[PDB]
2 protein chains.
Amino acid sequence: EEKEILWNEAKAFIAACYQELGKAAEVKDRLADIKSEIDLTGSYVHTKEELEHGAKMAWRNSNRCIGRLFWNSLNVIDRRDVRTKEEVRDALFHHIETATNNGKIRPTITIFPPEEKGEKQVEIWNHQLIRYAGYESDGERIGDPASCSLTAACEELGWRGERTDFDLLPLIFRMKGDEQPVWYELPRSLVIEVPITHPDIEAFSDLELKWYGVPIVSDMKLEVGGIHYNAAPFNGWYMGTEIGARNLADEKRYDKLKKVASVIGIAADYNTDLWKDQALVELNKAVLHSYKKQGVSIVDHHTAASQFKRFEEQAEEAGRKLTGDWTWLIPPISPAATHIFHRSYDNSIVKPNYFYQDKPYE
Amino acid sequence: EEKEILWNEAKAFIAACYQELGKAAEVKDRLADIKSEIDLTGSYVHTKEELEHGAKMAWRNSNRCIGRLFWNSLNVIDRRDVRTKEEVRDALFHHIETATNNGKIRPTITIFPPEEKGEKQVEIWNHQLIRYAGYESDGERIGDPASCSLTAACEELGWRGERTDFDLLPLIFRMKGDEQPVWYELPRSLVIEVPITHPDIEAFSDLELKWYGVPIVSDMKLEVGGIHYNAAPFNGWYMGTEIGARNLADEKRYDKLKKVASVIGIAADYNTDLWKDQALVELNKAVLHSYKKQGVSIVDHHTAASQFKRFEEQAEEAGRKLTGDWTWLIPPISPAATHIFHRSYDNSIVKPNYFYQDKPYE
Ligand code: HEM
Ligand code: HEM
Ligand SMILES: CNCCc1cccc(OCc2ccc3ccc(N)nc3c2)c1
Ligand SMILES: CNCCc1cccc(OCc2ccc3ccc(N)nc3c2)c1
Ligand SMILES: C[C@H](O)[C@H](O)[C@H]1CNc2nc(N)[nH]c(=O)c2N1
Ligand SMILES: C[C@H](O)[C@H](O)[C@H]1CNc2nc(N)[nH]c(=O)c2N1
Ligand SMILES: [Cl-]
Ligand SMILES: [Cl-]
């Protein structure tokens, strides 16, 4: 039955992909072989070329992503050959090292074997490969609240965090046929971190804030021509506001604005003073200053929006419809200072693409 | 035919209105009379009570409005009796005076005769009763670009602006049966203006910015039970960001951020400095400081959002569905610091309500 669903998604994708590749003539034949492989096996296998291009198309079609200008330069690592948990661990470790590139971050995706019958071969439990643990007990709040449930899941499995506010969570993933996942502590030599300082307020270091260099989202599914790559972690570099305006700012995350207000020497007593706003701007200047100073890639929300404008222009020139989610494309500080705020975007879902999937903890 | 449309909108509205008024028993009879009046005349007439409540419901159902907590205290002035252009002028003048209230702004709406057959009795050309003129010729840009087309329309009709950046546009409106509108210069004694100063940067006054105290939107149609009040200007007080983050900030409006950056003594050379953001925050602090200091009502975006949260809670307690437009409800600075950013809103249109209508110039 579902060989139907597979076949159509496959037809649609190969047509578009080979088209974009200048390989339109080779379609009729490639579709032939696929049509057979699906009938005989129930599935089909992407060539390295198809997979590379599909991953890139997927990034292109991500409505919520402001960084899409650079879709065609995505570094694609094809790890469909892994069979063991040591191989998976080692692939994840390598992804971190190669994407980090001593600070000159390379947008990279590592692609693991896809689901078979809907049966996962590898299931990654991390939300990002590098993420801080979070604890809550007895009114005591430590670390990143967003991580509380995964952190408790790890500590069931024999891991124990030091309970600093910046414990690195271990890599944790499950292999097909194992009832439980395995976890591996991150080698600290692989993980770049950036201490947050302010370009001119020396007291800012008193907050003793830091963040990791590279966000590597490891819990979304990549879908390409009806093939489901549930384990396919990817990364770009950070936009400063993600760190300065959310991770460090949100009440349900690190909730640092009162503390920022104090070190920058303004009162946090009256709404009409806009002290949250002033705090947000200084925290965000500090984050950009710190990353740049350490030689770790980052982009500010203005430059990002200028880049996205070129992505829009480039879509038009190529004859491709542009899709977008305005509510995620606008930055969370000074959104109306970007062109994004002042236009609308069609939020249709086009495949290939990256999707949410159910967490296996919680 | 359309006596149908009128009758249903009328049924729906009277039911809800009398319900909310504790007057449910009086519905069957009120609907009777309306049912007759529609058959015999093609239309019906709202009692003062119905009109007052409908205007209030309309404000309640305005998805894009963050200030809805205070819907039930709207001051409703019923001017369905006007017949002459001197009466219309004088009603508009009075609205300005009573809503301004020496700075202690009263949310007010003045309601003029409704459309008859779709035939307007009074057509107001102003977008707000108090608005600045705008000019563009020979690379020369003066005043508010948003006003360029109405400003050129007035100058056709024999008005002439002084071409400062803050010329007050005249009131301009057309009466049924006149081919052309009339215009009347605003008496400067009626219009409060606020010079923009900064609480601690004395140089800020060098920008010589100002804005008017009371935004009185005069080009939307109020619709209540199938009756179309195309001329029904209303006002609240300003949220600071409307002035500081848009009117004065937008590139297509007064475009003051570079000038703000200079007077606050920061460079405007690098995106990574977030100088636009820092400028926005200081301009916005200045606007709140200036209004408060002059004793003219204004609300900051945090307090506003706290109020809107209570509106949400109050809707729930009353059994009413909440509708909202997230893309207009979030403020344009520090939106993620408000609860609004972190939830979703249903954007359905519920009547009574305020609607856009076609401009008669341009
Ligand atoms: C190169 C630098 C990149 C930047 C600066 C960037 C920027 C962003 C930002 C700011 C968001 C919003 C995330 C949030 O607010 O939680 C986002 C979402 C997203 N980005 Fe990118 N991105 C980049 C690269 C990538 C890459 C390489 C991919 C995949 C190949 C990707 C796919 C996505 C997806 C799928 C989302 C939405 C996830 C969701 O719905 O939660 N981006 N991006
Ligand atoms: C009492 C103080 C009030 C505040 C602070 C307030 C705040 C706001 C703000 C900030 C907007 C967004 C406007 C924009 O960004 O251009 C807005 C939209 C709106 N408000 Fe309110 N408002 C208030 C009173 C009122 C009143 C009295 C009414 C009508 C009775 C009203 C009806 C609306 C409508 C219809 C819109 C949307 C107009 C459109 O679609 O362009 N508001 N309000
Ligand atoms: C704040 N949103 C959290 C909910 C959620 C759940 C799963 C994935 C997810 O991704 C956000 C996301 C995804 C990809 C990114 C790529 C680069 C980048 N700088 N940020 C990125 C941010 C976000
Ligand atoms: C920036 N939007 C301009 C487009 C447009 C066209 C016609 C009306 C309009 O209203 C915005 C609006 C409406 C009512 C308001 C009431 C109070 C207030 N403080 N702002 C308010 C702002 C807005
Ligand atoms: C709908 C579309 O996103 C459009 O850019 C909206 C965004 N929100 C807005 N908000 C305000 N206050 N004023 C506007 O003109 C717009 N435009
Ligand atoms: C869709 C709904 O508006 C929701 O609050 C969205 C808004 N935009 C967001 N933007 C980011 N970056 N992260 C989020 O979690 C959300 N949540
Ligand atoms: Cl993150
Ligand atoms: Cl305005």
Side-chain angles (χ1 to χ4, degrees), chain B residues 1-81 106-116 118 220-236 307-325 345-355:
Chain B
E1 315 73 44
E2 73 301 323
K3 291 199 295 286
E4 174 151 10
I5 297 86
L6 183 59
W7 172 238
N8 309 125
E9 297 274 9
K11 287 187 319 163
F13 162 74
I14 298 293
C17 176
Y18 281 60
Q19 204 80 43
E20 291 179 18
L21 287 184
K23 297 191 176 190
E26 313 180 20
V27 165
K28 198 188 164 165
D29 262 76
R30 186 47 194 168
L31 285 181
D33 289 24
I34 302 179
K35 176 84 159 60
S36 296
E37 203 183 6
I38 294 185
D39 283 329
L40 301 158
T41 65
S43 195
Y44 75 110
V45 172
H46 287 139
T47 69
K48 288 191 132 56
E49 174 179 62
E50 280 158 5
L51 183 65
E52 177 173 322
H53 195 67
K56 286 173 175 194
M57 293 175 70
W59 182 12
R60 202 170 69 211
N61 285 330
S62 300
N63 293 2
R64 298 173 159 179
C65 175
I66 194 166
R68 295 181 272 160
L69 173 61
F70 309 109
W71 66 276
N72 200 35
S73 49
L74 177 70
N75 170 38
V76 179
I77 302 170
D78 170 17
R79 288 318 304 290
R80 285 178 297 167
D81 58 322
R106 288 189 273 253
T108 300
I109 175 178
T110 297
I111 301 187
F112 288 106
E115 301 170 350
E116 249 211 355
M220 304 188 67
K221 170 182 300 183
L222 165 65
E223 172 177 352
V224 170
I227 307 290
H228 290 232
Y229 299 93
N230 65 289
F234 56 90
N235 70 280
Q307 285 162 350
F308 186 67
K309 176 84 174 77
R310 298 181 46 215
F311 175 74
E312 303 182 10
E313 302 156 0
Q314 169 205 114
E316 183 77 335
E317 302 168 350
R320 290 185 297 264
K321 295 197 279 195
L322 175 62
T323 61
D325 186 330
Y345 293 89
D346 167 20
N347 193 26
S348 311
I349 299 106
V350 187
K351 293 174 181 201
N353 216 323
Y354 296 101
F355 296 87

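Proteins get letters first, then strands, A, B, ... in listed order; numbering begins at 1 in each. What you see below is based on every heavy atom in this structure, not just the backbone, and it leaves out hydrogens, waters and symmetry mates.
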Worksheet item: Could you go step by step and tell me if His228(B) and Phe355(B) meet the side chain to side chain contact (heavy atoms under 4.5 Å, CB included) rule?
Response: CA-CA 10 Å; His228(B) 290 232; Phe355(B) 296 87; over 6 Å; no
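- By the 6.0 Å contact criterion, CG on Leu21(B) is enclosed, its count of non-hydrogen atoms from other residues, nucleotides or ligands being greater than 12.
- With values rounded to the nearest 0.5 angstrom, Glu1(B) atom CD is found 12.5 Å from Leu6(B) atom CG.
- Put simply, the side chain of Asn353(B) does not reach to within 4.5 Å of the side chain of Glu223(B), judged on heavy atoms.
- Within a 6.0 Å sphere centred on NZ of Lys35(B), other residues, nucleotides and ligands contribute 12 heavy atoms or fewer.
- In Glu313(B), the CD atom is crowded: over 12 heavy atoms of neighbouring residues, nucleotides or ligands sit closer than 6.0 Å.
- Although no hydrogens or angles enter the test, the distance criterion places no donor-acceptor pair under 3.5 Å between the side chain of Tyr229(B) and the main chain of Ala55(B).
- A distance of 10.0 Å separates CZ in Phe308(B) from CG in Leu69(B), rounded to the nearest 0.5 Å.
- Nearest heavy atoms, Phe13(B) versus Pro352(B): CD1-CG, 3.8 Å.
- Looking at every heavy atom in both residues, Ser43(B) comes nearest to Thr41(B) through O-OG1, 2.8 Å.
- Between the side chain of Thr108(B) and the main chain of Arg106(B), a donor-acceptor pair closer than 3.5 Å is present.
- When all heavy atoms of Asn8(B) and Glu4(B) are compared, the pair lying nearest together is OD1-O, 2.7 Å.
- Remark: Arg68(B) CZ to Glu312(B) CD distance equals 8.5 Å, nearest 0.5 Å.
- If you run side-chain hydrogen bond (donor to acceptor under 3.5 Å, both in side chains) between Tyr18(B) and each of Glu50(B), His53(B), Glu26(B), only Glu50(B) comes through.
- Just one residue in the list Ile34(B), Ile111(B), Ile227(B) forms a side-chain contact (heavy atoms from CB on, under 4.5 Å) with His46(B), and that residue is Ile227(B).
- A donor-acceptor pair is defined here as one N or O able to donate and one able to accept, closer than 3.5 Å; such a pair exists between the side chain of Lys56(B) and the backbone of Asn72(B).
- For the atom pair SG (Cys17(B)) and NZ (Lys23(B)), the distance works out to 9.0 Å, reported to the nearest 0.5 Å.
- The minimum heavy-atom distance linking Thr110(B) with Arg79(B) is given by the pair CG2-CG, 3.7 Å.
- Between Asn347(B) and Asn63(B), the side chains place a donor N or O and an acceptor N or O closer than 3.5 Å (distance only, hydrogens not considered).
- Contact record, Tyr354(B) with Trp59(B): CE1-N, 3.4 Å, taken as the closest heavy-atom pair.
- Expressed to the nearest 0.5 Å, how far CG of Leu40(B) lies from NZ of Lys3(B) amounts to 10.0 Å.
- Few gaps surround CZ on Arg64(B); more than 12 heavy atoms of other groups in view lie less than 6.0 Å from it.
- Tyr44(B) has its side chain out of reach of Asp33(B): every pair of non-hydrogen atoms, C-beta onward, lies at least 4.5 Å apart.
- Taking 4.5 Å as the limit, some side-chain heavy atom of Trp7(B) sits within range of a side-chain heavy atom of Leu31(B).
- Here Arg320(B) contributes atom CZ and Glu20(B) contributes atom CD; the two are 5.5 Å apart, rounded to the nearest 0.5 Å.
- Scanning all heavy atoms of the two residues, the minimum distance from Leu222(B) to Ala232(B) falls at CB-CB, 4.2 Å.
- In this structure the side chain of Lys321(B) never reaches within 4.5 angstrom of the side chain of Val350(B), judged on heavy atoms.
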